[PDB]
Amino acid sequence: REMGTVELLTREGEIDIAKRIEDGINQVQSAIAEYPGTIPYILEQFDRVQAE
DNA sequence: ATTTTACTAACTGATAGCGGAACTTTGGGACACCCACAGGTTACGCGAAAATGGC
């Protein structure tokens with residue numbers, strides 16, 4: 105009963121919801137990027153990675 | 001002089017530890033599309049007490 109009350113999606117609906125998820129994740133990523141501690145961490149991770 | 005015994009040292013087994021490689025074990029992943037379930041059942045009967053319905 106509780107599940108049936110939700111309508112089924114279509115292709116356009118699935119793409120729209122996925123786009124909203126990606127948009128939210130992008131906003132979160134932009135928020136984390138505006139942080140003095142974030143970018144140096146990624147830079148040092150790449151520094152260790154490129155050293156194999 | 002001889003026999004029994006106490007002392008001591010060497011052998012051996014059990015055992016705790018370790019190495020390491022094989023073996024078991026755990027967690028992650030898989031992109032044509034798939035989109036609401038069972039699921040046997042019951043020929044009981046009787047009395048109480050508890051929950052519903054009638055105006």
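If you're matching positions, the first sequence starts at 105 in the entry's author numbering and goes up one per residue. For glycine and all other residues, C-beta sits at the position ideal for the given N, C-alpha and C.
Residues of its chain near residue i, where Cβ-Cβ distance is below 6 Å and the 5 sequence neighbours each way are ignored
i, result
"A122", "none"
Cβ shell of residue i (< 8 Å), same chain only, five flanking positions each side left out
i, result
"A135", "none"
9 Å Cβ cutoff met for residue i and residue j
i, j, result
"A137", "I143", "yes"
From the options, residue whose alpha carbon lies closest to that of residue i
i, options, result
"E116", "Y145, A155 and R124", "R124"
Opening and closing residue of the alpha helix (DSSP H) in which residue i lies
i, result
"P140", "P140 -> no alpha helix (DSSP H), and no H or E assigned at all."
Near the ligand NAD: residue i beta-carbon under 8 Å from a heavy atom
i, result
"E111", "Questions concerning the ligand NAD fall outside what the structure shown contains, since it holds no ligand whatsoever."
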